[PDB]
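Contents: one structure, followed by commentary.
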Amino acid sequence: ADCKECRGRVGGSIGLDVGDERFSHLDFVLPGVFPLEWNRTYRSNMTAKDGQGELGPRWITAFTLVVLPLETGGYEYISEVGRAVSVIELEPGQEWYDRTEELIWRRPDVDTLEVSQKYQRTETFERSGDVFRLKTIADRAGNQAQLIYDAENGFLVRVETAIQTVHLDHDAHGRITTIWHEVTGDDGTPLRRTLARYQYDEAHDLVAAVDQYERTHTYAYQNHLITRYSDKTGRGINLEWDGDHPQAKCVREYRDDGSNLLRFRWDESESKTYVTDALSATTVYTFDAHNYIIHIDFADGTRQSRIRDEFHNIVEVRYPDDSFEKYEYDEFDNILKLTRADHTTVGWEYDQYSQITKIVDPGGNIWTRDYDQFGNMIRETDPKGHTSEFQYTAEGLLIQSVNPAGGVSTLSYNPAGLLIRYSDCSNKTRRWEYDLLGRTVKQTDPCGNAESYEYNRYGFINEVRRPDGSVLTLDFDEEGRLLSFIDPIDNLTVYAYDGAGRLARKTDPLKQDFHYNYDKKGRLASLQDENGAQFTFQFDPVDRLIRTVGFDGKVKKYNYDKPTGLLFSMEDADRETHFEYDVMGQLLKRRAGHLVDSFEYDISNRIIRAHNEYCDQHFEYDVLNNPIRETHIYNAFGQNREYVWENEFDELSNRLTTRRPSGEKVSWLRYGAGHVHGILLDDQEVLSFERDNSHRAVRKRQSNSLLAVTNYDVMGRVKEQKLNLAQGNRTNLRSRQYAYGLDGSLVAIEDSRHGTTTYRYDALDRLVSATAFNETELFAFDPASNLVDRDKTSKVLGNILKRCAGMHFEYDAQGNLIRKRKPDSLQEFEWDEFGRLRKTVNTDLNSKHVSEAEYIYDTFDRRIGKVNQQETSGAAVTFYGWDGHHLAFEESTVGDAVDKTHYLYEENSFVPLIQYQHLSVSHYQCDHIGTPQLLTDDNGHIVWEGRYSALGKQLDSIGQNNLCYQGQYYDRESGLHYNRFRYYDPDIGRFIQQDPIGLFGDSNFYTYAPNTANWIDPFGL
């Protein structure tokens, strides 16, 4: 017969064994600890409900299940997915574990049958004549929904739950017509609601269904075999069949526009199924005598094989490179042992209730779990011995949790099982309020600021009213596709969807159109930006992206391997990068021209060693994968360096102490869940943090007798910053105030040493004007947001900015910058085989003074060193140390003198905290987005002040500091800003190289951030 979904992983698009269609539509979800979900399943070959169907011939729900006695000894269980499950003749008091269908069958009484889905769900049946009707359904925690039938009709008239009651009205033929549910108001009188409405035709088929929000499904049939069904928006899926009998095989699937065609052929003499798509690519499934997949032949000529237990479990999967995945099962069909490729093993253990008790990783590390008599997971223990405790209520809801550090987290729910409140390890309480229909209407942050929600006609959110008075407005299809969105400042963005539900066009607040186009199969075939340029996609018969043509017209190719499916070679225009892997698909070698990067992995799939010709790096981990130790070996510019990082972590995997290679020990004092409340460099506390209920830094008491205070808005925005003499009785202050619009953009700044700074934005939050210091900067953008011109007191088709503000640019074949000629300096750049700036040549035109620089990177593209070679003024070999993604220190050797400076940041941002060298420590004072503005020494004096243009260029400042913005290091030799894995040009505010992430990041590959006054981070947007 037909397969069961518990065995095969992908066993049907519609149905691959016998060709049956089985879609499911949802009418209502009433909330509760046991939710009432009226999911209606259609099954083509279900003959059980043709004669007397509650919802028509071929419809079934979780509340309309039935167990039918057979002719001789036994039963058949009509499952929720419409599959007739055969059962053995149970006698009273017998329990049989159905291994073919993973079902525990017990006969509690003569007229009762009970089913359990491995204790995850329980269904009990009651005999009423020649059938066994479903009496009640049960949860793991014993929660119940009970079915009530009429005394004379025998129809399911109502269903009851701990708090909710659902009534079903029936016509003269026993088919459901209307569905009601009991509810009240804020108080007072009972209120009854229509929840579902059904329509039937002359063929007794369910032809129309309307849900609780008056959204309509439409159905069409051929001898009760569906030929079209529609989403709640009217968009449909059409089918055709091999005949009229219920055993007919569906041969065609297509949308209303004809696209997404699927063609099904059947090889009944070889037990094979051919499925051909809209581009004549064919996937061939081969089945055993029990209609389970044993082979899959894909459109690229590859075959996958599946070896099966006598119980239809998959015990082995063989891939076209003969790579194996082996599984072992108990007599309870639980996967005991996973034998991966390379023969590494993962093991599990189970109790009688099929719940995971122990997990062992390929490294032999043990994780354990404990359960109570009610089925809840009480404990979980890691291989280090730490334990997190969980306690539950009689309804099975998680009420309280204790972390390994002893921090207690608490929850509370309404009678509908909806999360009302959450309190962290610091008892900071978040709260939620809910509608009478279970929809969230209010959310209150731990600081008391309440967000409010309103819902449209279709049950989706209509507006979001925020604490600052700003309002978002939204528009949604009947099926939840966002149609329109309005900013709190009335900027309108519109989205359009084609006849299949695919996004076809996005319209900007400046009413620019962005187009999406699809091939005959429905894959994204082309884009069209606001400038009119095209991005092209190209796929193989197995949907692997083989080639792209960008808006630049740049061709990019991806040469995948056939047996392994791994990307062996990626070809950019005039460029090629080769890749090497192991049997586990882990990248072992990255080769291109003169460069080779290599990686080494442990048994637990962690990167143990990563080395190239300039840098060898070794990593050591604990059993929780925490980096306990790192050793960086440098080999550049004729100098050898070895830097060792050693880390200690608490039971929450938060690092308590780090001994950096220069010899200093850094300690972080944390509370609750890991919130840093203090930092100890060497044995002296450098700074302390007092934090609000949102764990934001409000007071920063510094070691230099200074106090930095930050006041936050009712939104998450920084309202004001103060710097006061914490110790002096006359607490002299340096201050700065911020002001924002309703959308969130920063409009004005007021500083103590300086004056008003004002930002103006267009309808795309793009900085067009910035006024400050008796001057005003203006910006102009093309449709694709390329900065065409800027000054202070046509289209860039292909997004490669060739000219701007008197500056001229020339680019690589890879789209990287090569030459930049601004009025007083000519610069030349060279790029390595991996896409990184390897050489810079700067020629001053006023003095003919040439200066070269070379850059060196590790296997993770972190720049580890650079050498500056002024033609007649010595050399400067600099080396960089990296604490993960943070620039730990920089050490420059100019002649016989070496000067090294270290850095320390807030843990989850690139906002710098201190600069230390000598035992001296200097404190940073940054803006709202982390751009350093001040630097104060040990004596409390401002030793360096930062001044920035509207694009962030360090203007003439009214020791020093090479850190700008967030994660941006100022390379003085080029005038460029080194970002994380990229390079930023402060003259035009764009990257001088395309984005490696690709279209996942932004359509324009050079854009940093529309506004450059706020909304900036090292990775960018």
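Letters for chains follow the order of the structure tokens (A, B, ...), residue numbers begin at 1 for each chain, and ligand numbers begin at 1 in the order shown.
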Would you please give, as a PyMOL selection string, all residues of segment 287-366 of chain A that DSSP assigns to strand (DSSP E) based on the backbone?
chain A and resi 287+293-297+303-308+314-318+324-329+335-339+345-350+356-360+366
Give me, as a ChimeraX atom specification, all polymer residues having an atom no more than 7 Å from segment 464-478 of chain A, counting only C-alpha atoms and skipping those fewer than 4 positions away in the same chain.
/A:215,232-233,449-454,458,460,482-488,714-715,742
Residue neighbourhood residue 87 of chain A, 10 Å, only C-alpha atoms, exclusion window fewer than 3 positions, as a list in words
residues 67, 69, 70, 73, 74, 75, 76, 77, 84, 90, 96, 97, 98, 101, 103 and 105 of chain A
What lies within 6 Å of segment 757-762 of chain A using only C-alpha atoms, ignoring chain neighbours under 5 positions off, as a PyMOL selection string?
chain A and resi 747-749+767-772
As a ChimeraX atom specification, please: the residues near residue 738 of chain A (cut-off 10 Å, only C-alpha atoms, same-chain neighbours under 6 positions excluded).
/A:712-713,717-721,746-751,757,927-928
As a PyMOL selection string, please: the residues near residue 592 of chain A (cut-off 9 Å, only C-alpha atoms, same-chain neighbours under 5 positions excluded).
chain A and resi 575-578+833-834
Please compute the atom CA of residue 793 of chain A-atom CA of residue 991 of chain A distance, one decimal, in Å.
25.5 Å
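Between residue 869 of chain A and the residues A:110, A:894, A:366, A:115, the shortest atom-to-atom distance, using only C-alpha atoms, involves A:894.
Rounded to one decimal, atom CA of residue 685 of chain A and atom CA of residue 704 of chain A lie 10.5 Å from each other.
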I'd like a table as CSV: residues in segment 323-405 of chain A with an atom no more than 12 Å from segment 287-309 of chain A, each row giving the shortest atom pair and its distance in Å to one decimal, only C-alpha atoms counted, sorted by chain and rising residue number.
residue,atom,partner,partner_atom,distance
A:323,CA,A:304,CA,10.1
A:324,CA,A:305,CA,9.9
A:325,CA,A:306,CA,9.6
A:326,CA,A:307,CA,9.2
A:327,CA,A:309,CA,9.8
A:328,CA,A:309,CA,9.2
A:329,CA,A:309,CA,8.8
A:330,CA,A:309,CA,11.1
A:331,CA,A:309,CA,11.3
A:333,CA,A:309,CA,10.0
A:335,CA,A:309,CA,11.9
Store the residues picked out above in a file with N, CA and C atoms, as a PDB file, in the first residue's frame.
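What ended up in part12.pdb:
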ATOM      1  N   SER A 323      29.866   7.460  -0.327  1.00  0.00           N
ATOM      2  CA  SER A 323      29.941   7.910   1.054  1.00  0.00           C
ATOM      3  C   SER A 323      28.707   7.410   1.793  1.00  0.00           C
ATOM      4  N   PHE A 324      28.887   7.025   3.052  1.00  0.00           N
ATOM      5  CA  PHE A 324      27.854   6.304   3.777  1.00  0.00           C
ATOM      6  C   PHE A 324      27.345   7.074   4.988  1.00  0.00           C
ATOM      7  N   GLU A 325      26.069   6.842   5.301  1.00  0.00           N
ATOM      8  CA  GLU A 325      25.460   7.198   6.579  1.00  0.00           C
ATOM      9  C   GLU A 325      24.721   5.974   7.088  1.00  0.00           C
ATOM     10  N   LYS A 326      25.157   5.452   8.227  1.00  0.00           N
ATOM     11  CA  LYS A 326      24.628   4.214   8.772  1.00  0.00           C
ATOM     12  C   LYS A 326      23.859   4.503  10.054  1.00  0.00           C
ATOM     13  N   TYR A 327      22.704   3.858  10.203  1.00  0.00           N
ATOM     14  CA  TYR A 327      21.858   4.026  11.375  1.00  0.00           C
ATOM     15  C   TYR A 327      21.531   2.672  11.985  1.00  0.00           C
ATOM     16  N   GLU A 328      21.378   2.668  13.306  1.00  0.00           N
ATOM     17  CA  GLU A 328      21.013   1.479  14.059  1.00  0.00           C
ATOM     18  C   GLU A 328      19.820   1.802  14.943  1.00  0.00           C
ATOM     19  N   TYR A 329      18.899   0.851  15.044  1.00  0.00           N
ATOM     20  CA  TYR A 329      17.628   1.067  15.713  1.00  0.00           C
ATOM     21  C   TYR A 329      17.439   0.028  16.806  1.00  0.00           C
ATOM     22  N   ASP A 330      16.660   0.397  17.817  1.00  0.00           N
ATOM     23  CA  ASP A 330      16.219  -0.549  18.824  1.00  0.00           C
ATOM     24  C   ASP A 330      14.913  -1.199  18.376  1.00  0.00           C
ATOM     25  N   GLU A 331      14.345  -2.033  19.243  1.00  0.00           N
ATOM     26  CA  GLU A 331      13.016  -2.572  18.993  1.00  0.00           C
ATOM     27  C   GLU A 331      11.917  -1.559  19.270  1.00  0.00           C
ATOM     28  N   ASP A 333      12.144   1.472  17.391  1.00  0.00           N
ATOM     29  CA  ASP A 333      12.329   2.299  16.198  1.00  0.00           C
ATOM     30  C   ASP A 333      12.992   3.638  16.503  1.00  0.00           C
ATOM     31  N   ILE A 335      16.461   5.805  16.781  1.00  0.00           N
ATOM     32  CA  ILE A 335      17.799   5.761  16.197  1.00  0.00           C
ATOM     33  C   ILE A 335      18.808   5.740  17.340  1.00  0.00           C
TER      34      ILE A 335
END
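Take the candidates A:854, A:244, A:109, A:211 and check each one against residue 227 of chain A using only C-alpha atoms; the shortest distance goes to A:244.
Distance annotation: of A:706, A:870, A:386, A:674, the residue with the minimal separation from residue 942 of chain A is A:706; atom set is only C-alpha atoms.
Remark: for residue 1016 of chain A, the closest of the candidate residues A:1004, A:979, A:393, A:604 is A:979 (distances computed over only C-alpha atoms).
What separates atom CA of residue 178 of chain A from atom CA of residue 62 of chain A is a distance of 17.4 Å.
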